[PDB]
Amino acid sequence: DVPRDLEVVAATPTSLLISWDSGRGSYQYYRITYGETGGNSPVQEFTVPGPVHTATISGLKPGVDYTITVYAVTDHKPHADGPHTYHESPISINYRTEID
């Protein structure tokens, strides 16, 4: 049910502290993807637990334009043999890393 306010809250030439609001919604987890807006090489990804709304993206290249996407993910069933509920609600921002 739509996450919002994806934002870089703190940064160094090679790291970003990203933050978002889950809102009136509950997700099992978040899929974070990042890559140079360019970008030739594919996006890097990691998963953040549903209850956490903050993330550290490390090992970035300074002076590069990055696209950061957060997919809030619904992935449940009421039982092992139950109907699967699977949905992804994405939010994204563009951020340029600072010179060293």
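Note that residue numbering follows the sequence shown and begins at 1.
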{"property": "Residue range whose averaged C-alpha B-factor is higher in the record, 43-51 or 22-30", "result": "22-30"}
{"property": "Where the record places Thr56 (Cα B-factor, split into thirds across the chain)", "result": "lowest"}
{"property": "Ranked C-alpha temperature factor of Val8 among modelled chain residues, by third", "result": "lowest"}
{"property": "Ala80 by Cα B-factor - lowest, middle or highest third of the modelled chain", "result": "highest"}
